[PDB]
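Chemist: experimental structure and sequence below, a few questions after.
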Amino acid sequence: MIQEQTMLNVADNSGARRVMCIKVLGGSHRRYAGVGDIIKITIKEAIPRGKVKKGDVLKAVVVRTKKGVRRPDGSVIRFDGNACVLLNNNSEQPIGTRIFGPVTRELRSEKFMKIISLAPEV
Amino acid sequence: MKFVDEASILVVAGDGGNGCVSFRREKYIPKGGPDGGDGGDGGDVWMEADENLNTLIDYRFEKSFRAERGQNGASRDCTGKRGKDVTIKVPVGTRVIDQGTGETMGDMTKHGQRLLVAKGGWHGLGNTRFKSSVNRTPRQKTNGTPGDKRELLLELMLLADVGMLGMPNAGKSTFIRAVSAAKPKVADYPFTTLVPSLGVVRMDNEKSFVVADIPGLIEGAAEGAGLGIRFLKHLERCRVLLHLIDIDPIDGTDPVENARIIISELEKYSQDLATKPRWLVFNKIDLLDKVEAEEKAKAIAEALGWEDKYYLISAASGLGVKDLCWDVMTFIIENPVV
Amino acid sequence: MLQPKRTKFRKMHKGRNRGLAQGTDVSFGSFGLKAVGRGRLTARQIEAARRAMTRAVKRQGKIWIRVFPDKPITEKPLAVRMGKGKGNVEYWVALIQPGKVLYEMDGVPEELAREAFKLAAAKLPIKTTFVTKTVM
RNA sequence: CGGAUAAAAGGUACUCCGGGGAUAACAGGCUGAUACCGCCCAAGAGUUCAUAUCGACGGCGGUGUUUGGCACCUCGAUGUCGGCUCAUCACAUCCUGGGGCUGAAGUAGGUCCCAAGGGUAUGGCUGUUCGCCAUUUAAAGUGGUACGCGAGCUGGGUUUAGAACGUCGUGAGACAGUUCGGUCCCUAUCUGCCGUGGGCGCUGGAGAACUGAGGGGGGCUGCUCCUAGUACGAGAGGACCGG
RNA sequence: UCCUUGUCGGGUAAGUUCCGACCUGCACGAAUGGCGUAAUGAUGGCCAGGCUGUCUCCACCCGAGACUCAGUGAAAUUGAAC
RNA sequence: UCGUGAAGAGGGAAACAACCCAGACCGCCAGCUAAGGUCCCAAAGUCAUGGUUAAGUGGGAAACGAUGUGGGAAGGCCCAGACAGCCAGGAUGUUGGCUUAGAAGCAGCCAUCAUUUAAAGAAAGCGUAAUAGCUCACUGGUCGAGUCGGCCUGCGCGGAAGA
Ligand SMILES: Nc1nc2c(ncn2[C@@H]2O[C@H](COP(=O)(O)OP(=O)(O)O)[C@@H](O)[C@H]2O)c(=O)[nH]1
Ligand SMILES: [Mg+2]
C-alpha cells in the first residue's frame, strides 16, 4: 500500500537509511504499490561513506508493507516499518550485499527470488 | 541487404521560436498589460547508431532532414513548445566530413552513442519580458536565433576487427565458405565478390572476431580497373591484416612481381595503412602436391622479402583453416585496444 | 521585376475592366497567345510566364511582350482603421481584358510553340488560347 | 473667417446627474492584407530514371484557432483568466485495429489511406494558459462548446476605495508598469435532466407469466510463458499467427 | 539595460519564489534622510521537524434542517400562455 | 439616379420590410390574371414531342486530371483483308571500336552503317558482367468489319475534411 511520495525504510547494506519513493510503476494511473513491485525512490538520508549518495534517484523493490500482503487462505503478513532494497536503474539487480529483516514468500511469484535467497529469516 | 552505398545529406536545425507582441483586452476594460510570452527552442539533430541498419540507402533517398521549428509565442503569456529533436538512425562505424576546411565530428565504435550534430536556434523574447516603468508599452521583441546548417559527408566504414585483402579470384569469398557463417557468392571469374559481405568466426564461448571481404584490384591510382580506392576506404580499423597469394594460378601469371606491386600500392593509399601488422597466407594448395607446394611457398617469402611463417591455407579444401584461426586469435587477445 | 521607373502620379484610381479588345490580331510574328478570360496580371506573373517559356524556346527566333503593368495599387497597413489617407506602396498590377494578345512568338516551329505557350499558360491566372497569324 | 464675452487655461480612478449601442474594447457572423493546409504547372538536383523522394519562378482553392477593418448590439448590467466537479461533439488519429508503398531480411522503422468503440498521467516553478524539468505507461491527441461549465465551487491574476516605488507636468493628475492587503446574494415557476408515484386508456373485470417496436449501459489493454531462440539473419539481433 | 526566467550553489528527484557572490553594474542617495541594527510584529515571501480526511478516497456514526403529518403562514418576479 | 421599407396590406422566394408580381373604400360561398407552380404535403399536367443526365448531378464551390457519355467538322489504314488476338520468324559480316577487369541491344559516342532471303533495328524493356534466355516495332497464316487520336461543345466524375 505504498503510493507516490511515501517515506520508507531501507532493508539492505547498500548505504541508504531513510528513503522516499517518488514514482510507483505498473501502468497508467498506478495508484498504490503491493509487496512485489518496481518503485522509483529518491535517497534522503545515507551514510557519507556508503556506496550511494543523497539525492540519487533510482529503482527499488518493497519488501515489507505496513498494510501487509494477502495469503490465498485469508491471511495477512503485516509489518512495522515499510522497507525497500536498492536496485540499479538500468538493470534490475539489487545493490545491497545483505538484506536486513524477513522477506515474505510472496516475492517468489514476482520473480525476484534472489532477495529471498538472502535475508535468512523467513 | 545485398548492396552498400554511401552519399551525403543536408541537415538543418530549426531556428528558435520567434517572440510575440500582444496586448490583453478584457470584455469590458480596453487597456491591459503587454500580454504575450516567449517562443520555443529549436529542435536539435542527434546522430545515433543503429545495429539493424547497415547501409546509407535511405540517405540517397532522402538528402534533406528538417528539424521541428520552434512554435511562435502566443497570447495569455504562452510559450511555444521546444521543437522535437530529430534522431537519425545510422550504421555503426560511420565517419562524417564537412566543407570549408571541415573535419570529422566523432568516430562511432559502439552502439548507443548519440552525437550532437546540429544545434537548433534558441527562442526569442516577448513584450512581457521587456516590462518596465518608463517604457510602459513594450512594442519590442527579439527575433529567434537562426538554426545551424551544415552539409555532412556520410562515410560508412565497417567494424572489421580482422581485415583481409588478397589476389583477384584467389578464393577470398571461398575463404568465407569455411567455418565462417557468411555466404558470399563464389565463382571462378575475377572479382567475383563486389559487395563487402563481412563474416564472423566463433571458435568458442567468450571469444569471437569478425572478418570482412574486400575484392582485389589492379595497380591504378585513379578509379581504373573497375575497382579501387572506394573499396579501400572500408579498411583502417582492422587490427590485423591478412594477405592472400595464389599458388600456381590455372591461367594467371605465377606470383613473382604482381605479389610485390600490391604491397607497393598499399603505401600510396593514404598513409600505408599506418604500417599495421600484415599476415601473409597462401591458397590453391590442394591443386598441387602438398610437399611440392612447401619449398616453393618459402621461396616466395624471400623473393618478396617476407620473413614470417608464410602460412599455407586451403580455403576450399578446408585443411589448415583452423590452424590460422588459432594463431590470429591469440594475437588478438594479447593486444587489446589501448 | 517589371515596373516603369517614373510615374505621372504616385497612385491611380482603381478603374474598371469593362470593354472589348484592341489587339485581336498579331502584327509582329507568326504565333501568339491570346487571353480568353478576364482578370489582372501582376509584374511577378508576367516575369514568371516569360521566364518559364524562355527555357523552352532557343535564342533563335523572336519574342514580343504586349502587356505592361501601367497601373498602381496600394495596400492598407495593419492595425489601421478606415481613413488616415490612402494605402502604402506594396506592388503594382496590370489590367487584362479578354480578347487581346499577351505574348507573340516567331522563328521556331509550331510544335515548340505549343509546348512553350502551354508551360506559360498555367502560371497565368487566366485561360488563354493559341492563334496563328493570317493574311492582312 | 455668417464674425455667443471687450475680458477666460486643465484634471477628476474621490466624482455625481440625465441620456445614448447616435460611440471603443472581448466574444459572435462578413473577411484572408500577413501567415499556416491541400492541389496543379516542372526548369534543376536525383547512380539510369521528374513527381520513388524534393523541387526554384507562379497559379487555384479550404477551417481560418495569431497579427486586422468594417455595420449589428446587451450601457433601465452580456461577470472575466486559471483551478475543482461534470462532460459532449467532429476526425485534420496519440495508442490500440485493418491495410498500401518502402530505398520493408526479422525485430525495430518512415509516409499515406480507412477507422472516433475505448483509453488518453503523476509532481516542483509561476495565479497561471503555455512551457521547462523529474519519472511512468499505449498515448499522455487536435479543435468546437461565445476560446463549455460562479442561479455548481474557487477570488490565486485581473481587482474601486488605503499605502509604497519609477517616469512627466509649477501644480491638481495622467499613467497598456511593479509591491502589500482588500464583501462573489438568490427557498427553482417553466423548458431540460435524474428517480419515484396518482388518474385514465388499452372495449366485462381481475391475478400472473412473458414475446419484443425501441432505448440505454459496458466495448481499455501492459507484461511473461509455449510456439521458438523457430522462420529470418554473417553475426549482433530476432519473427507473423495461435494458445 | 537584456537573454539562455541570468547561471552557477544551498533548498528539491524536478524550484519563473527565497538566500552572500561573480558582471556589461553606478539612479536613486545622504533629514522628500543613507548603511547596519538586538528586541518587537494577528506584517510580505521561502524552507524544515512532529502532526493530521487538505488529498489519493472517501466510509461510518452522532445531532439541526432537508422529507410526511397537524396548526399558523411570507418573499423577490409576473403583458398574456394550451 | 430609380424603386422599395420608413409611411403598403396581399401573393411567390420553406420562414424574411428593403428580391419579383402587385398599392387593401366595404361586403359576396363568382370568374379572369401577374410573379411563382401543376406527384403528395398544398391548388393545379404524374401533358405532348426531340434530346442530355447515372452523378441524387438537380440539391454550394475554383486551377487541373481522366478509355463517363451525346453531338459536329476532318485526317491515316481499310474484303488488292482495318486494329487488337492466337500459331511462328526473330537471324545474319558480328563476341561493333575506344572507357574497357568484366558491357557483346540493353553503364558511357554515333558516323547511325546494308546485304543477305526479306517480313525484322550494330534496336525501345527483364537478369546478371557480358554472356545464354524472355520480348518489342515488323511480317507470314487464321478469325472478318471497323480501327487509330487530335479539335470544338452540352451534361457528368475526383479535386470537396468540423464539431
Ligand atoms: N581447389 C581449390 N580451389 C579454390 C581454393 N580457394 C579458392 N578456390 C577457387 O577459386 C575460385 C574463385 O575464387 P574467388 O571467390 O573469385 O576469389 P577472388 O578472386 O579473391 O574474388 C572459386 O570458385 C574457388 O573454387 C582452394 O584452396 N582450392
Ligand atoms: Mg572472391
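Modeler: Sure thing, it's come through. Numbers count the residues shown, from 1 in each chain, chains lettered A, B, ... in the order given. Ligands and ions are numbered 1, 2, ... in the order given.
Chemist: residues of stretch B:6-15 that come out buried?
Modeler: Neighbour counts over stretch B:6-15 (16 or more other CB atoms under 10 Å in any protein chain shown) mark B:6, B:7, B:8, B:9, B:11, B:12, B:13, B:14, B:15 as buried. Any C-beta I mention is one placed from the backbone N, CA and C, and that applies to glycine too.
Chemist: and what of stretch B:65-72?
Modeler: Here stretch B:65-72 shows B:65, B:67, B:68, B:69, B:70, B:71, B:72 as buried, counting by 16+ other CB under 10 Å.
Chemist: just flag the most distant two among these.
Modeler: Largest separation among the buried residues of stretch B:65-72 by CB to CB: B:65 and B:72, giving 22.2 Å.
Chemist: can the longest helix along chain C be said to contact RNA strand F?
Modeler: In terms of residue count, the longest helix belonging to chain C (DSSP state H) is helix C:110-123. Yes. Residues of helix C:110-123 contacting RNA strand F under CB under 7 Å from any atom of the strand: residue C:122.
Chemist: next, the angle from whatever helix or strand comes next after that helix to helix C:110-123.
Modeler: Per DSSP states H and E, the first helix or strand lying C-terminal to helix C:110-123 is strand C:128-132. With axes from the mean of the first three to the mean of the last three CA atoms, to 10 degrees applied, the angle from strand C:128-132 to helix C:110-123 works out at 160 degrees.
Chemist: hmm, who's touching strand C:128-132?
Modeler: Residues outside strand C:128-132 that contact it (CB atoms under 8 Å, 6 or more residues apart in numbering or on different chains): C:26, C:30-37, C:101-102, C:110, C:113-114, C:117, C:121.
Chemist: next one: stretch B:68-85
Modeler: B:14-20, B:22, B:24, B:35-46, B:67, B:86, B:120-121, B:123-124, B:126, B:128, B:144.
Chemist: so which residue of the stretch 101-250 of chain B comes closest to RNA strand F?
Modeler: Proximity of the stretch 101-250 of chain B to RNA strand F (CB to the nearest atom of the strand) peaks at residue B:226, 2.0 Å away.
Chemist: output the contacting helices and strands for the longest helix of chain C.
Modeler: strand C:31-35, helix C:43-54, strand C:101-106, strand C:128-132 (3 or more CB pairs under 8 Å, 6 or more residues apart in numbering or on different chains; DSSP states H and E).
Chemist: quote the end-to-end distance of stretch B:310-326.
Modeler: 15 Å (CA to CA, to the nearest Å).
Chemist: which stretches of the chain form helices?
Modeler: Went with chain A since none was named. Using DSSP H, helices in chain A cover A:113-117.
Chemist: right idea, wrong chain: chain B
Modeler: So, for chain B - with DSSP H - the helices run B:57-61, B:172-176, B:229-232, B:258-267, B:292-303, B:321-334.
Chemist: and of those helices, who's closest to RNA strand F?
Modeler: Among the helices of chain B, helix B:229-232 sits nearest to RNA strand F (CB to the nearest atom of the strand), with 10.9 Å.
Chemist: which positions within the closest one qualify as buried?
Modeler: Buried residues in helix B:229-232 (16+ other CB under 10 Å): B:231, B:232.
Chemist: which residues touch it?
Modeler: Under CB under 8 Å, 6+ apart, the answer for helix B:229-232 is B:196, B:214, B:215, B:217, B:223, B:269.
Chemist: for chain A, what lies in contact range of RNA strand D?
Modeler: Counting by CB under 7 Å from any atom of the strand, chain A sits next to RNA strand D at A:4, A:22-23, A:25-30, A:40, A:57, A:59, A:89.
Chemist: now with 10 Å, please.
Modeler: Chain A has residues A:3-5, A:22-31, A:38-40, A:42, A:57-59, A:89-90, A:111 near RNA strand D, with proximity defined as CB under 10 Å from any atom of the strand.
Chemist: if we can go back for a sec, so which of the buried residues of stretch B:65-72 comes closest to residue B:246?
Modeler: For the buried residues of stretch B:65-72, with residue B:246 as the reference and CB to CB as the criterion, the closest is residue B:65, at 46.5 Å.
Chemist: partner residues bridging the closest residue to the closest one other than its chain neighbours?
Modeler: Spatial nearest neighbour of residue B:65, excluding adjacent residues (CB to CB, 6 or more residues apart in numbering or on different chains): residue B:11 at 4.9 Å. With DSSP bridges as the criterion, residue B:11 is bridged to residue B:65, residue B:150.
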